[PDB]
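Chemist: Got a structure for you, written out below as structure tokens; questions coming shortly.
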Amino acid sequence: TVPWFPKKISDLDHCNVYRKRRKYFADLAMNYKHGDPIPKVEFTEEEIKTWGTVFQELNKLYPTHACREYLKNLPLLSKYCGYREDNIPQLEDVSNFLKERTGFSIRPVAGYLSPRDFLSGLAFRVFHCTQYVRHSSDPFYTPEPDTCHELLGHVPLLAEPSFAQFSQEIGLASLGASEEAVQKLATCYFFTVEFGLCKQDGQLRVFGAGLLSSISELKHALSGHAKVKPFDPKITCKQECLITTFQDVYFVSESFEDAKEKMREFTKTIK
Ligand SMILES: CS(=O)(=O)c1cccc(-c2cc(Cl)ccc2[C@@H](Oc2cc(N3CCC4(CC3)CN[C@H](C(=O)O)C4)nc(N)n2)C(F)(F)F)c1
Ligand SMILES: [Fe+3]
């Protein structure tokens, strides 16, 4: 039997200091329903400092590390959505920017959704995003997603039509699929959207969001010390997704158009 899956965007409704603060964010996400403006947050001074460190250090790296599509959209976000060292962008603002650019929108989320539920969001061009800020003790890498990761890792590529299409298609393929198919698609997502490298004018560049928000892993990924294989869905889908550490291997796509084509061939075989 086919599992429940959303048929319209609203069906996604059916999917000590620091701890106290995290509960505040978790409630904002839990109370949200489709159609609501995403609640705006007044960030603390410490939170803004953490953002500023992350933002300043990553922006020194992007020109030499990030793919061209990332770099194209990054300045648009400083102009329209308040991306600056001294200001944490709001999810509602970013959501409205994306809706105009590619039809993508944001929903706040408290922590992880299942891979099935997360991917189902992408089918409607909805990206579930956290709103809290990583703990100030390690700005350079965090093992759980935070708003810095969403805003600097994901958003600039969600604003690119080719990438938005690629992402949506992973979601669309997942809807009502078998457990095994969802796992394979989630793994493909992990090694493209989350931790992908691509080749542009012969150089290795970064498009993975998890790399683009981690000062330390971004540098590691292009350092020459990392293992690197071609993106090939039938092989890549078998690779373990790790969380404690830097990735043991990265996959290299040729372009967003090519990765999209490879996923189209692949998803035929898992229907
Ligand atoms: C999106 S999906 O639903 O298709 C999917 C695919 C594969 C696995 C999972 C999944 C699901 C659950 Cl319920 C729990 C955990 C995971 C995976 O965890 C993560 C962590 C994850 N982070 C964690 C946080 C950083 C960024 C990336 C790492 N450093 C960054 C930084 O410092 O800024 C932030 N990103 C993904 N996609 N999955 C795990 F299996 F553990 F690796 C989800
Ligand atoms: Fe992510």
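Residues are referred to by chain and number: the chain letter is A, B, ... according to the order shown in the structure tokens, the number counts from 1 in that chain, and ligands are numbered separately from 1 in the order shown.
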For ligand 2, return the neighbouring residues as a ChimeraX atom specification (distance at most 12 Å; only C-alpha atoms and all ligand atoms).
Modeler: /A:111-113,115,118-119,127-130,142-155,157-158,186,189-196,207-214,243
Chemist: DSSP on the backbone: which residues in stretch 52-249 of chain A end up as helix (DSSP H, G or I)? Give the answer as a short mmCIF file (atom, residue, chain, number, x, y, z; two decimals) with C-alpha atoms, in the first residue's frame.
Modeler:
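Written out: selection.cif:
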data_model
loop_
_atom_site.label_atom_id
_atom_site.label_comp_id
_atom_site.auth_asym_id
_atom_site.auth_seq_id
_atom_site.Cartn_x
_atom_site.Cartn_y
_atom_site.Cartn_z
CA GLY A 52 28.55 37.87 12.57
CA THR A 53 31.53 35.57 13.14
CA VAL A 54 30.06 32.90 10.88
CA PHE A 55 29.09 35.44 8.22
CA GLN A 56 32.39 37.33 8.18
CA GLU A 57 34.57 34.20 8.04
CA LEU A 58 32.48 32.41 5.42
CA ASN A 59 32.40 35.51 3.16
CA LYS A 60 36.21 35.47 3.06
CA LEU A 61 36.02 31.93 1.65
CA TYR A 62 33.06 32.08 -0.75
CA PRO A 63 34.87 33.80 -3.62
CA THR A 64 37.43 31.01 -3.92
CA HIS A 65 35.22 28.09 -2.71
CA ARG A 68 29.11 30.56 -9.46
CA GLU A 69 25.35 30.28 -8.85
CA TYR A 70 25.86 30.72 -5.11
CA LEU A 71 28.02 33.78 -5.67
CA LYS A 72 25.49 35.33 -8.09
CA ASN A 73 22.66 35.25 -5.57
CA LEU A 74 24.58 36.10 -2.42
CA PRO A 75 24.63 39.90 -3.10
CA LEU A 76 20.89 39.93 -3.84
CA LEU A 77 20.33 38.70 -0.26
CA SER A 78 22.45 41.50 1.27
CA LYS A 79 20.37 43.98 -0.74
CA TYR A 80 16.84 42.64 -0.14
CA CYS A 81 16.91 40.48 2.98
CA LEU A 91 12.73 33.69 7.64
CA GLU A 92 9.61 35.58 6.54
CA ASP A 93 11.73 38.03 4.50
CA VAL A 94 13.76 35.29 2.91
CA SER A 95 10.61 33.28 2.16
CA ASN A 96 9.09 36.25 0.32
CA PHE A 97 12.30 36.80 -1.66
CA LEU A 98 12.38 33.12 -2.70
CA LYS A 99 8.68 33.05 -3.62
CA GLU A 100 9.37 35.82 -6.17
CA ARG A 101 12.56 34.30 -7.52
CA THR A 102 11.76 30.56 -7.83
CA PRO A 115 13.41 12.19 5.36
CA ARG A 116 10.06 11.31 3.86
CA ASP A 117 8.37 14.41 5.33
CA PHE A 118 11.27 16.76 4.54
CA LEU A 119 11.45 15.64 0.94
CA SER A 120 7.66 15.89 0.62
CA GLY A 121 8.03 19.60 1.40
CA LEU A 122 10.42 20.03 -1.52
CA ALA A 123 7.73 18.66 -3.84
CA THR A 147 19.35 29.23 11.13
CA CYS A 148 22.86 30.24 10.05
CA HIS A 149 23.03 26.98 8.09
CA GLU A 150 19.62 27.56 6.50
CA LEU A 151 20.34 31.17 5.54
CA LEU A 152 23.93 30.90 4.36
CA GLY A 153 23.95 27.27 3.25
CA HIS A 154 20.59 26.78 1.52
CA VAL A 155 18.89 30.01 0.66
CA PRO A 156 21.28 31.42 -1.98
CA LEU A 157 20.90 28.26 -4.10
CA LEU A 158 17.14 27.97 -3.57
CA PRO A 161 15.94 28.37 -10.91
CA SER A 162 18.00 25.35 -12.05
CA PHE A 163 18.78 24.36 -8.45
CA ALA A 164 15.20 24.92 -7.32
CA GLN A 165 14.03 22.58 -10.11
CA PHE A 166 16.63 19.96 -9.12
CA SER A 167 15.51 20.08 -5.50
CA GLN A 168 11.79 19.97 -6.31
CA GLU A 169 12.34 16.91 -8.46
CA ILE A 170 13.91 14.98 -5.57
CA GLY A 171 10.79 15.84 -3.57
CA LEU A 172 8.37 14.91 -6.36
CA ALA A 173 10.09 11.54 -6.84
CA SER A 174 9.72 10.82 -3.10
CA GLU A 179 10.90 3.25 2.19
CA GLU A 180 13.87 2.06 0.12
CA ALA A 181 13.25 4.68 -2.60
CA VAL A 182 12.93 7.49 -0.03
CA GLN A 183 16.22 6.35 1.58
CA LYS A 184 18.01 6.36 -1.79
CA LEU A 185 16.59 9.79 -2.67
CA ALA A 186 17.48 11.20 0.78
CA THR A 187 21.03 9.93 0.33
CA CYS A 188 21.27 11.51 -3.13
CA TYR A 189 20.00 14.77 -1.60
CA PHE A 190 22.60 14.48 1.19
CA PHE A 191 25.47 14.14 -1.31
CA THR A 192 24.30 16.94 -3.63
CA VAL A 193 22.18 19.55 -1.89
CA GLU A 194 23.87 19.04 1.53
CA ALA A 209 24.71 23.73 2.04
CA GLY A 210 26.35 21.85 4.88
CA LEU A 211 29.72 22.90 3.54
CA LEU A 212 28.70 26.46 2.75
CA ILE A 215 33.87 27.53 8.19
CA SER A 216 35.92 24.43 8.98
CA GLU A 217 34.32 21.89 6.64
CA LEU A 218 34.20 24.36 3.73
CA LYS A 219 37.99 24.69 3.92
CA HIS A 220 38.44 20.93 4.44
CA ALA A 221 36.38 20.07 1.34
CA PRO A 233 23.05 8.04 -8.17
CA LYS A 234 23.22 4.21 -8.26
CA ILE A 235 26.56 4.31 -6.35
CA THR A 236 26.08 7.54 -4.34
#
Chemist: What parts of stretch 53-245 of chain A does DSSP call strand (DSSP E or B)? I'd like the answer as a PyMOL selection string.
Modeler: chain A and resi 66+84+87+105-108+126-129+197-200+203-206+227-230
Chemist: Considering only C-alpha atoms, return as a list in words whatever protein or nucleic-acid residues lie within 8 Å of residue A:177, sequence-local ones (same chain, fewer than 6 positions apart) excluded.
Modeler: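 The neighbour list is residues 2, 3 and 271 of chain A.
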Chemist: Put those residues in a file: N, CA, C and O atoms, as an mmCIF file, in the first residue's frame.
Modeler:
data_model
loop_
_atom_site.group_PDB
_atom_site.id
_atom_site.type_symbol
_atom_site.label_atom_id
_atom_site.label_comp_id
_atom_site.auth_asym_id
_atom_site.auth_seq_id
_atom_site.Cartn_x
_atom_site.Cartn_y
_atom_site.Cartn_z
ATOM 1 N N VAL A 2 0.377 2.327 -0.640
ATOM 2 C CA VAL A 2 1.103 3.603 -0.741
ATOM 3 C C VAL A 2 0.902 4.392 0.566
ATOM 4 O O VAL A 2 -0.232 4.545 1.014
ATOM 5 N N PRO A 3 1.981 4.915 1.177
ATOM 6 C CA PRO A 3 1.808 5.722 2.399
ATOM 7 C C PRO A 3 1.145 7.071 2.149
ATOM 8 O O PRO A 3 1.116 7.567 1.001
ATOM 9 N N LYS A 271 11.107 3.468 -9.666
ATOM 10 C CA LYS A 271 9.649 3.400 -9.754
ATOM 11 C C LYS A 271 9.215 1.936 -9.757
ATOM 12 O O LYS A 271 8.021 1.632 -9.764
#
Chemist: Taking into account only C-alpha atoms and all ligand atoms, which residue in the set A:176, A:267, A:141, A:224 is nearest to ligand 1?
Modeler: A:141
Chemist: Counting only C-alpha atoms and all ligand atoms, which residue out of A:204, A:252, A:257, A:140 sits closest to ligand 1?
Modeler: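 Answer, going by the shortest atom-to-atom distance: A:140.
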Chemist: Which residue gives the smallest distance to ligand 1 among A:108, A:202, A:230, A:139, with only C-alpha atoms and all ligand atoms counted?
Modeler: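 Comparing A:108, A:202, A:230, A:139 against ligand 1, the winner is A:139.
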Chemist: So how many Å separate atom 22 (N, counted along the ligand's line) of ligand 1 and atom CA of residue A:18, to one decimal?
Modeler: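 Atom CA of residue A:18 lies at a distance of 19.9 Å from atom 22 (N, counted along the ligand's line) of ligand 1.
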Chemist: If we count only C-alpha atoms and set the cut-off at 10 Å, which residues sit around residue A:14, ignoring sequence neighbours fewer than 4 positions away in its own chain? Please answer as a PyMOL selection string.
Modeler: chain A and resi 5-6+10+33+117
Chemist: So how far away is atom CA of residue A:83 from atom CA of residue A:40, in Å?
Modeler: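 Calculated distance between atom CA of residue A:40 and atom CA of residue A:83 is 15.2 Å.
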Chemist: Nearest residue to residue A:104 out of A:42, A:160, A:201, A:248, using only C-alpha atoms?
Modeler: A:160
Chemist: As an exercise, work out the distance from atom CA of residue A:106 to atom 3 (O, counted along the ligand's line) of ligand 1 in Å and give it to one decimal place.
Modeler: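 We find that atom CA of residue A:106 and atom 3 (O, counted along the ligand's line) of ligand 1 lie 15.0 Å from each other.
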Chemist: With a distance cut-off of 8 Å and only C-alpha atoms, select the neighbouring residues of residue A:200, excluding the residue or stretch itself and same-chain residues fewer than 5 positions from it, and output the selection as a PyMOL selection string.
Modeler: chain A and resi 67-68+205+254-255
Chemist: Tell me which of A:48, A:259, A:242, A:270 sits closest to ligand 1, counting only C-alpha atoms and all ligand atoms.
Modeler: A:242
